[PDB]
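Let's start with one chain on its own, the form deposited in one PDB entry, as structure tokens.
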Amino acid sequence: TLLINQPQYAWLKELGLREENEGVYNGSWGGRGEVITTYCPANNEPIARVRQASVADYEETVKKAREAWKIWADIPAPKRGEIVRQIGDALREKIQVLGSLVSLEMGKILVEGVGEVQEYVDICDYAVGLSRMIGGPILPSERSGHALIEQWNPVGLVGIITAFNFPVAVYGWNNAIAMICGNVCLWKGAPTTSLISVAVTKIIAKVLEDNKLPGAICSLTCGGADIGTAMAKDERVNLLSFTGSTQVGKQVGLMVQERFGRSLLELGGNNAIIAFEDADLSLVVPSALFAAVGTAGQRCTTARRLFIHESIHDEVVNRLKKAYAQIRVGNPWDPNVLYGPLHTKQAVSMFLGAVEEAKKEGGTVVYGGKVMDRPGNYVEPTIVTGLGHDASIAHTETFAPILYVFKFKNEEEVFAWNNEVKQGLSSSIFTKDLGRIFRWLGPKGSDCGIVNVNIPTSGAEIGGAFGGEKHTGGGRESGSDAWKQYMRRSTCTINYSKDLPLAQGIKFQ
């Protein structure tokens, strides 16, 4: 009954996976908690089992990790970068089998599964050069015979909690950056993607062991809300990087703040695209489609609100409807599929709930809006017109392929409509007007962390810092100087002169 026991899935063994796998690594493999079975979202068939972490499993892991840091922190950063470089190569060796696993356990199409592995590979090679660059400036002191310097040091243990939609890349961003910065990591992934977590951990573990380093440098404790809450309340966790829903992310933020710890929050998005009258419709229409239905609309940066100028509204919508009909559905591991299933059945139930509510709030389903009659968690990509921009269902984030479409007249009101929501991740405008673009990038423009022009809301790369504002959390990952979130700044004044302070009337010696 298990998929891994079938001959057509023998490639899973290339990742070191078995019928039942250990979900805890801290130098040694284990797991005394509940055994979980993960399923294929494309056909609802069981893949394999993973033994999750118990409470005691977690305690020993944190302790060994903090013990491993004593060794890891003494290693020069460029030498820490060389370790990450080897991690990048090891991922290259398994890029096809691991990407296939992502498509199998998570549900995204094959080219995106492999692409997600490639993101980890790229940020590794990026982290290598960065490992020779991290540091602060030498500042000129106002005091004669004194030096003023800014030092950066690791915070220690970096706890990493990731979500289902990107079960490889998000960890990879945090991991590669935290490692070169001299920290040790503890990983708790989404329970429904444990096999991927185990597979990635297995690749890194070997690299650490071959270099005679303690494996606890990149620890793993598979588990649910119990393990996650524990990490947020644990003073031994110096930084908790959390990626997930806003409702959970809010509670994560409060618990860490209660113990004066550090948090890095990457939460929900309600991303909008704006098309003006002077926009290239040949560019606009497909950009809208791919950003709205991409990964079955389960990206953090998925387009969920589409604002179109009155002059071109009906045309764009109709041209979108004809295009939606040409979207090829099917199993995610097939070389012609563009659209796979949703990750859970609950997501299907939430998809329907938002649809029923959208019609109740006065919206009209112009395409899709129904579950597909087929095995797996398949729903139709959906377009909804007629809603007010301030509709409740429209300001609510649903992790499903539902695109709310609105009309607007002037630039001023449509910039405000983009900013009126609680989320603040990504945003895009399509136009050619030079002045409008610079306004969009200015203080009266978009309030999001990602502000794009003539490219959809998923436009982002390794070179820049990734994250959002407001209810998205304010956290940043990967590029720019985001590494500073994984280190602590100290401002240091050094007296090297033999000069003594003014006596101020006091007789010493």
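Just so we're on the same page, rigid core means the largest C-alpha set that superposes within 1.5 Å between forms. Residue numbers here begin at 1 and follow the sequence given.
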property	result
Other entries omitting residue 446, at least a third	no
Residue 461 unmodelled in at least a third of other compared entries	yes
Mean temperature factor over C-alpha atoms, higher-scoring stretch between 6-14 and 488-496	6-14
Average Cα temperature factor in the PDB entry - higher stretch of 378-386, 206-214	378-386
Residue of maximum C-alpha B factor among 329, 163, 168, 180, per deposited coordinates	329
From 224, 99, 88, 369, residue of greatest CA B-factor	369
CA B-factor placement of residue 361, once the chain's modelled residues are sorted into thirds	highest
Chain-wide C-alpha B factor ranking for residue 473, given as lowest, middle or highest third	lowest
CA B-factor placement of residue 409, once the chain's modelled residues are sorted into thirds	highest
Third of the chain, ranked by Cα B-factor, where residue 241 sits	lowest
Chain thirds of CA B-factor: placement of residue 229	lowest
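The same protein also has a form deposited in another entry, omitted here; what follows describes it.
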{"item": "Displaced residue between this form and the one not shown, judged on C-alpha after the rigid core is fitted, out of 137, 129, 76, 388 (threshold 2 Å or more)", "value": "137"}
